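We use all heavy atoms of the structure for the numbers below, so side chains are in, but hydrogens, waters and symmetry mates are not. Letters A, B, ... mirror the listed sequences (proteins, then strands); counts begin at 1.
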Amino acid sequence: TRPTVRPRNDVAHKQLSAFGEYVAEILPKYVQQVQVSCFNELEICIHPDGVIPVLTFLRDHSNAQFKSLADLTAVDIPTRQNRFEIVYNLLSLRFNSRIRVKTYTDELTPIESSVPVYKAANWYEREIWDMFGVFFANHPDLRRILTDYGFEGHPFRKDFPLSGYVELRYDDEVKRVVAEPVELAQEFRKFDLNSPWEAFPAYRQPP
Amino acid sequence: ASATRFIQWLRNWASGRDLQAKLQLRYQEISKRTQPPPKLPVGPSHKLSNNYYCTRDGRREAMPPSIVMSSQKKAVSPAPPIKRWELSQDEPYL
Amino acid sequence: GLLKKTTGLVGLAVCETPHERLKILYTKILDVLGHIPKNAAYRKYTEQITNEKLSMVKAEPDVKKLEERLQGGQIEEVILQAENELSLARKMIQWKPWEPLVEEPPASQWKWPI
Amino acid sequence: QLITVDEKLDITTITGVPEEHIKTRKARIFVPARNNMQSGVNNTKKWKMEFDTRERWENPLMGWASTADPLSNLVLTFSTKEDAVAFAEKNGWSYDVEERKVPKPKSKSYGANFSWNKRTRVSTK
Amino acid sequence: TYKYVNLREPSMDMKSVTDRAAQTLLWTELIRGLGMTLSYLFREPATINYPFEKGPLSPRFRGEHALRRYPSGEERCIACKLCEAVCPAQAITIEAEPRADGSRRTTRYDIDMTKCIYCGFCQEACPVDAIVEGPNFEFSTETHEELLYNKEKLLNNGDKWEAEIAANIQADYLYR
Amino acid sequence: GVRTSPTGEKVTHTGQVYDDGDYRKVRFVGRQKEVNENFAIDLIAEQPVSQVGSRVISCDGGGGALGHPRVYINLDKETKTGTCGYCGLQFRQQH
Amino acid sequence: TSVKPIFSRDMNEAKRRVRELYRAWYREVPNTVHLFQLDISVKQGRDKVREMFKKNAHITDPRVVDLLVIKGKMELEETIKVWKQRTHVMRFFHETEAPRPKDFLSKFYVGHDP
Amino acid sequence: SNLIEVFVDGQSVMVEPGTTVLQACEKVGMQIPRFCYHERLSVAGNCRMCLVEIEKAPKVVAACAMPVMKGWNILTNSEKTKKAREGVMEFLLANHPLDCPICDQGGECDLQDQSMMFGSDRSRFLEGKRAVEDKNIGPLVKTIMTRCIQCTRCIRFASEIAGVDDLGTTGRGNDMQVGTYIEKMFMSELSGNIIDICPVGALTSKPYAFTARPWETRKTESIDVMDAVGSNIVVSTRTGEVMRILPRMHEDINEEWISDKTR
Amino acid sequence: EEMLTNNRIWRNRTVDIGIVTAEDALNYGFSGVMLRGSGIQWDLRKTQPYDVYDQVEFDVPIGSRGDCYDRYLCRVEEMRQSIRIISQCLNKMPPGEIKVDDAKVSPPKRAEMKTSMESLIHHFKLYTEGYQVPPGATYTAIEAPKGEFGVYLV
Ligand SMILES: CCCCCCCCCCCCCCCCCC(=O)OC[C@H](COP(=O)(O)OCCN)OC(=O)CCCCCCCCCCCCCCCCC
Ligand code: SF4
Ligand code: SF4
Ligand code: SF4
Ligand code: SF4
Ligand code: FES
Ligand SMILES: [K+]
Ligand SMILES: [Zn+2]
């Protein structure tokens, strides 16, 4: 119990590992990977076809009972051919436990909408469509939610520039707000911060 | 604090509380705005020996996730069922 | 025992006959589980936990002492969970998740850091 | 039920980028050179994609560096050269790829410093 | 542990039922609410007489920025650019070169006070206490341009406010 | 010290001054050019050199932890003074 | 090259959805001008709609066409329900952008942009 | 044919005879810390930052200088290894001056970075530090020799690469000093390179002095035109202005050096 | 509470207004008082506690009708419990340092930064490059005043 180091909890690590393979045994058709982090969080990585079967099972199964969708989001990794990682964070009140379910898609492949499983997923999928451009099939009402009306692009993609492409001002001649190509009085100053010395040997990739 | 006796009684009666004991305006009970200097303590790593950083390096103890299954007996739940909450004994019903 | 005036949860009505309702629901779940392949992990695990719950229902005629054994909250919460399990079992008949993995991911799909 | 689409991947019309910043840009795909001020090699592991530098000018009020190039700070990271090229192709950017530079393997020998008859004998330590 | 906020059955005896009828017909609980606002009418108000009286502040208050000097009059800032690096808003802009006596000193030090989030990171990062956030908060302007501070403005602020800044630093530096 | 250009505009301690013909000086018409008057290069020169009896002296700017990081200054060269790289104070080794 | 479709199995089905969208936009322009009190004519509005479809005429991937149609319907719904304001409808006409000549010499005189 | 099998943290690797422990670690993508070792200079083995444990060997070996032996298992991350690095870093920093805010190396300093990754996070040195007089070696390289860590890279480069036997060490012990002894200028056509190979801010570019910090520069990889060699260079710019020129490694052209006209 | 709790006008405006069932609240992703007003017994300070919430005693208020009035009573009672927690924090405040004694994460004290070489290096690097974090992803949540507040941090 060194004072500055976060203590381990092996009991939680063991319990989550056992449940991880329990889920893999029951849904082998869709489960591609199961892992538990060193701070005791369980992740199920699945084929995208399994979004509805897997999420239904975790919600309704008597030994799972993940009734609450805490969060639904996406991550963009341009180096992958399926660049978008879709992440579901679920909470089980009955068993006081959390689980993460992850799948993937590319710019042109639809993902089945999870609104039938969780009504909470409605706006989360609109946000993912808005910020990443991932289409969700059978969504009752898919449209932008955060961006401006008529906004072009998906800002949270890694290749969308920080300041975008257009900016707004009031123009007296046309007596309205107009959109024009972005110019910055002071360009954002890119910093190269990474140290050229490796920090964490435990995570070194093979050469 | 400068309210006359009659006014103190009037607002005490109207509110139904003894308001003079817990006034919402602050007077002389607050801390002085000048204070003596502090002398803060140091942490557990302030030692001259037996203190090698490698033995107290939380960041370097982090490990990649444990792969339970990859595509490269009794039923279980994620954890034991949550224990039912108890009613408060301080004040069970408001 | 004296009847519950409320379950405490908005919209969850008290059940007047919880033992009978639970026996019906678990029996239905076992029936539906019979059309799933015998070696499918879902059937084996759900049969095991369903039979445990059903055994506890038969062996305990008191609701409050039954709620303690079931460890699922109010008895009306256990009934709702039994109904949710039945609905899932019917769906898993049409999904057949016990079949082999439909497709492997690309090479570096789950590699982090990149 | 799946479908067959044999054409090349071209998402240039559903990314919302202005046409000027698709067809007039030049992406450079490279592995960053080691900073010669330091010996660490940890920043020469991954492939980078950057775009061609454009005009910066002085702001009249303050003298700050102004730009009209939305891509001036855009840098993407890729595991392999093939990943970077594939990303550039589908987004419609012309690109140059520079082959990775790996330090030559050297023959080091402390003993050579004290050679009997060779020029590698060092005059100081 | 938990408690119920609203789970109580009213008594159905004749006195209780008649107490509730009086409350309904004679508006007793509404009259009680009138008593509370009446008691406030006769309390001393909490208002202070700004600008003749001021709200209290502490030595840690983060206000207008200033560039400081050593007692000799030399500038403290040696153009390390730690403040510029840490600034969450990128509100700081710095240029530097050797001074005519070889000193390491800035030729530009701008803070865009309309970018700045007044977070105090710059004064935490400074190794020599050159850049600080002073105690002034009454510097609203009539134009946007007046809030783009260059080095001359920031040095004047330091010269203007140093007497208070030094006393504030004295009060709090043992907590840093 | 703060000089003035042949146009009358004051020259800052960084040597800045709009030249004769730079339109940008219109921003000062009806207003003023902010210029700090206490030039730190002149102020630090006013300080006297401190005579010390050791080859190496240390400086922290004064004020303890209110000064600058403590540095050590070598005073072996007699042709010049050691200067603090942080605060600019000067030191010399007596005989 | 076996990929999951969005809506259209092939370009023939996609071009049907494109024509349906074009009709919906074409009928809508008269209402948009009237409702938003725009100072342009229905002819200019429909010419602009035509110009927007034309820029994408070179696509051959049905999935890309489907996404363009999905966005087109989203854009149309924003307009019909007056979620857009007049400023949004008029952003298609870029009335405040000065001409940017597109010949080598003109660019050469103004700067370094190719 | 004559390759021998060695292990880096239990991972087998086949290496030519004469390969050092440091070079063996490179093959598995592990970079041993170093200060005195430069792969293009003669081996020195004096900083001791490369000390690494060999399994079953009671003594840590200098990885930069020690040839590998068949079957050796190099424990690049053992407590014995980590404690050796911490001890050496502590000695390196004992007399080093608190100059980071005023030192041009700040932000791209091997001493800073390796102290972060391999050293302790605090000091237990309660004495006064050494202070050294600076030495004028010309208009291109400024010397702040109190920052020198006596790695001798500059001496070896000047002798071996530049072919100038002007730099050396005088005195001995803690008072050992790198320099020219007499008043001399190191004005070789390759002199500026010693700025790059000096790991600390002891040797810095006079023209570049104080103008920028590493993290704020943009690196444009380009080519030199000051002659016909075509040396690969990095043009460092900031806010629309060229700040300095750095070499870019090209084994078949300029290796990792540039001429002083290029620089 | 004198102004509102028993006020018949206030009750008319809030009683039986905006009823959400416990089942709907869960499926819609509600949290905090939006769950507890409908009778769900859930509070992350009790069930998934953090920094020292397991060492303090307090009661979670629970509603019975899942309407605005019950959610208003829950928020009023949560203020009283906050005062109860604050009292225990005032009495049980321990001595010691206030940031982790590990200068590769938390900056050194200013006096150390100005005396010790290691401290100055670490101060310099923490305020420029910043500390590196080992690769990984976490979803962390707290019982924020408005409900479950979390971050998915990669
Ligand atoms: C000899 C035999 C004699 C025979 C005759 C005997 C007659 C006397 C006995 C009969 C009862 C007398 C009192 C009747 C007064 C009127 C009562 C009334 O209407 O108020 C009840 C009303 C009910 O509303 P609620 O409480 O929400 O629930 C009702 C459920 N349907 O609730 C309300 O109206 C609430 C009103 C809300 C708005 C109030 C805002 C102002 C409150 C402060 C006013 C204070 C009174 C000031 C009067 C000043 C007059 C100058
Ligand atoms: S207070 Fe914060 S935002 Fe403002 S200049 Fe300082 S670091 Fe930047
Ligand atoms: S104000 Fe302080 S932190 Fe900023 S550049 Fe000057 S010395 Fe460095
Ligand atoms: S050489 Fe490195 S550690 Fe030494 S003062 Fe300069 S930046 Fe700091
Ligand atoms: S001056 Fe630099 S390169 Fe030369 S010995 Fe000292 S630290 Fe090494
Ligand atoms: S790198 Fe081996 S001793 Fe210096
Ligand atoms: K150097
Ligand atoms: Zn000094």
Side-chain angles (χ1 to χ4, degrees), chain A residues 187-196, chain D residues 28 30-44 48 50-56 58 64-65 67 69 72-75 98 101, chain E residues 79-81 84-85 93-98 104 106-108, chain H residues 103-110 112-113 140-142 191-201 203-226 230-250 254 256-263, chain I residues 128-129:
Chain A
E187 176 199 27
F188 178 86
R189 286 164 278 162
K190 168 163 66 64
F191 287 173
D192 282 346
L193 293 177
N194 294 330
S195 167
Chain D
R28 188 167 82 94
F30 69 109
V31 181
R34 186 183 47 93
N35 181 19
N36 231 55
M37 297 302 267
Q38 292 189 268
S39 295
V41 298
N42 206 50
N43 285 330
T44 68
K48 295 293 170 306
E50 62 172 4
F51 291 83
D52 54 294
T53 293
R54 304 221 155 174
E55 186 184 39
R56 293 165 172 103
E58 298 169 89
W64 295 333
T67 202
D69 173 10
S72 69
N73 295 307
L74 173 47
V75 188
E98 321 202 351
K101 281 195 174 70
Chain E
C80 80
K81 298 174 151 272
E84 187 186 46
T93 310
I94 308 191
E95 285 176 38
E97 74 184 7
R104 182 198 171 104
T106 55
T107 59
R108 177 194 290 279
Chain H
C103 165
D104 272 336
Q105 204 70 34
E108 67 195 341
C109 176
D110 270 349
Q112 278 189 326
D113 284 5
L140 293 181
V141 189
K142 154 163 45 152
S191 85
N193 289 289
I194 67 181
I195 291 152
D196 281 12
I197 53 146
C198 179
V200 288
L203 304 170
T204 52
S205 166
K206 254 181 202 170
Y208 185 61
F210 310 152
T211 52
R213 278 286 192 206
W215 58 81
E216 80 189 335
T217 73
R218 299 161 187 275
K219 292 71 160 184
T220 292
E221 293 172 343
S222 185
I223 303 296
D224 175 60
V225 301
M226 287 294 100
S231 317
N232 292 30
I233 57 163
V234 178
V235 177
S236 290
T237 85
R238 181 210 59 202
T239 54
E241 166 175 9
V242 176
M243 311 313 294
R244 64 168 176 194
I245 304 299
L246 291 178
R248 188 155 56 102
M249 189 201 79
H250 197 317
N254 59 292
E256 75 183 79
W257 324 117
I258 58 187
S259 93
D260 276 5
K261 191 195 286 152
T262 298
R263 192 177 279 279
Chain I
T128 48
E129 167 173 3

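In summary, of the residues considered (H:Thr262, H:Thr220, H:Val225), a side-chain contact (heavy atoms from CB on, under 4.5 Å) with H:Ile233 occurs for H:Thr262 alone.
Checked by atom type and distance alone, the side chain of E:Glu95 never pairs as donor or acceptor with a backbone atom of E:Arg108 at under 3.5 Å. Of the possible donor and acceptor atoms, none in the side chain of H:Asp110 sits under 3.5 Å from a partner among the backbone N and O of H:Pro199. A distance-only check finds no donor-acceptor pair linking the side chain of E:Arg104 to the backbone of E:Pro98 [under 3.5 Å]. In terms of modelled atom types and a separation under 3.5 Å, the side chain of H:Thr237 and the main chain of H:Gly240 share no donor-acceptor contact. Side chain of H:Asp224 to main chain of H:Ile258: no donor-acceptor pair is present (N/O by atom type, distance under 3.5 Å, no hydrogens or angles). In terms of modelled atom types and a separation under 3.5 Å, the side chain of D:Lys48 and the main chain of D:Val75 share no donor-acceptor contact. In this structure a side-chain-to-backbone donor-acceptor pair under 3.5 Å is present from H:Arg213 to H:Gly106. Checking side-chain atoms of H:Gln112 against main-chain N and O of H:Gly107 turns up a donor-acceptor pair under 3.5 Å. Checked by atom type and distance alone, the side chain of H:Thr217 pairs as donor or acceptor with a backbone atom of H:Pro214 at under 3.5 Å. In this structure, the side chain of H:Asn232 does not engage the main chain of H:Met249 through any donor-acceptor pair within 3.5 Å.
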Q. Passes side chain to side chain contact (heavy atoms under 4.5 Å, CB included), H:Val235 versus H:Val242? Steps please.
A. CA-CA 7 Å; H:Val235 177; H:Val242 176; 4.0 Å; yes
Q) Going through the checks in order, is the salt bridge (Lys or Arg N to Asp or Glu O under 4.0 Å) test met by D:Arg34 and H:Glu256? A) CA-CA 10 Å; D:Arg34 186 183 47 93; H:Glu256 75 183 79; 3.3 Å; yes
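Nearest heavy atoms, E:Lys81 versus H:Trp215: O-CZ2, 3.6 Å. Counting all heavy atoms, side chain and backbone alike, E:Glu84 lies closest to E:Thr93 at OE2-CA, 3.3 Å. In terms of heavy-atom proximity, D:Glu50 sits nearest to D:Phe30 at CG-CE2, 3.6 Å. When all heavy atoms of H:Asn193 and H:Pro247 are compared, the pair lying nearest together is OD1-CG, 4.3 Å. Across every non-hydrogen atom of H:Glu221 and D:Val31, the tightest pair is OE2-O, 4.3 Å. The two residues H:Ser236 and H:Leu246 have their closest heavy-atom pair at OG-CD1, 4.2 Å.
Considering only residues two or more places apart in sequence or on other chains, D:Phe51 meets the ring-ring contact (aromatic ring centres under 6.0 Å, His included) condition with D:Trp93. Scored by the side chain to side chain donor-acceptor pair (under 3.5 Å) test, E:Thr107 finds no partners at all (sequence neighbours excluded). Judged as a side chain to side chain donor-acceptor pair (under 3.5 Å), and not counting sequence neighbours, the contacts of H:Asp113 are A:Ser195, D:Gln38, I:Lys125. Applying the ring-ring contact (aromatic ring centres under 6.0 Å, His included) criterion to H:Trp257, with sequence neighbours excluded, gives H:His38, H:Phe157. For D:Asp69, the side chain to side chain contact (heavy atoms under 4.5 Å, CB included) test picks out D:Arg25, D:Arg54, D:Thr67, D:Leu71, D:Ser72, with sequence neighbours left out. For the salt bridge (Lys or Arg N to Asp or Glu O under 4.0 Å) test, residues two or more places apart in sequence or in another chain that qualify with D:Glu98 are D:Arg28.
With rounding to the nearest 0.5 Å, the separation of CD1 in H:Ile223 from CZ in H:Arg248 is 5.0 Å. Between H:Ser205 atom OG and H:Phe210 atom CZ the span is 11.0 Å, to the nearest 0.5 Å. With rounding to the nearest 0.5 Å, the separation of CD1 in E:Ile94 from CZ in H:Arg238 is 9.5 Å. The CD1 atom of H:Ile197 lies 8.0 Å from the CG atom of H:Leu203; values are rounded to the nearest 0.5 Å. Atoms SG and CD, on H:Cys198 and H:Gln105 in that order, are 7.0 Å from each other to the nearest 0.5 Å. Note that the OG atom of H:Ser222 and the CD1 atom of H:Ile245 stand 8.0 Å from one another [nearest 0.5 Å].
Between A:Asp192 and H:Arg218, no side-chain nitrogen of the basic residue sits less than 4.0 Å from a carboxylate oxygen of the acidic one, so the salt-bridge criterion is not met. For the pair H:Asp196 and H:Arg263, the salt-bridge criterion is met [side-chain N within less than 4.0 Å of a carboxylate O].
Inter-residue side-chain proximity for H:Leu140 and H:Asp260 is flagged as met; some heavy-atom pair is nearer than 4.5 Å. Under the 4.5 Å side-chain criterion, counting only non-hydrogen atoms from C-beta, E:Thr106 is not in contact with E:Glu97. The side-chain heavy atoms of D:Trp64 and D:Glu58, taken from C-beta on, include no pair separated by under 4.5 Å.
With no hydrogens or angles considered, a side-chain donor-acceptor pair links H:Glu108 and D:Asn35 at under 3.5 Å. Side chain to side chain, A:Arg189 and D:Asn73 fail the donor-acceptor criterion of an N or O pair below 3.5 Å.
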